[PDB]
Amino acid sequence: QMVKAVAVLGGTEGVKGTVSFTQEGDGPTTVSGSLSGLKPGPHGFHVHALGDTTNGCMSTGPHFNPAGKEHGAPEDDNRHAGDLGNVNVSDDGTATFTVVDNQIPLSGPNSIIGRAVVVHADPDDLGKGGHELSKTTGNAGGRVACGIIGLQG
């Protein structure tokens, strides 16, 4: 059984796009992003705990962290479920990417359905930046765009 989900990303910063999720049974989640309007280079890319946009991207809460770990890189053992690292924006301010991840299921108790994916202004230091925010947020700066992960037909 395939579950499908899609986030339409908006923001006050003119960055836009979609992120498409799929998961067959209880295997990995495939996530395919198409982003525009971003500063060239690395941008923090997170699943946040909430899909509350009452105060734009600021109300989506902290990083999704059911395991109660510190902030890290996707490859790390010591990471949040929602830590999908950096996406690289081209010189035209677009990004197109597929990542596969094992901690962002689309069903069961840790489902990210109805949570928000968030693109950040700045790189995610992956917990290694030695800044006060490194080990909590990765010090990725402003939530320039976010989208609620909605069930797809």
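Don't overthink the numbering: it's just position in the shown sequence, from 1.
In this entry, the higher average B-factor at the C-alpha atoms falls on 124 to 132, of the pair 66 to 74 and 124 to 132.
For the segment pair 36 to 44 and 99 to 107, the entry gives 36 to 44 the higher mean B-factor, averaged over Cα atoms.
Residue set 31, 117, 49, 89: peak C-alpha B-factor at 89 (per PDB entry).
The deposited CA B-factor of residue 7 belongs to the lowest third of values across its chain. Compared with the other modelled residues of the chain, the Cα B-factor recorded for residue 137 ranks in the highest third. The deposited CA B-factor of residue 55 belongs to the highest third of values across its chain.
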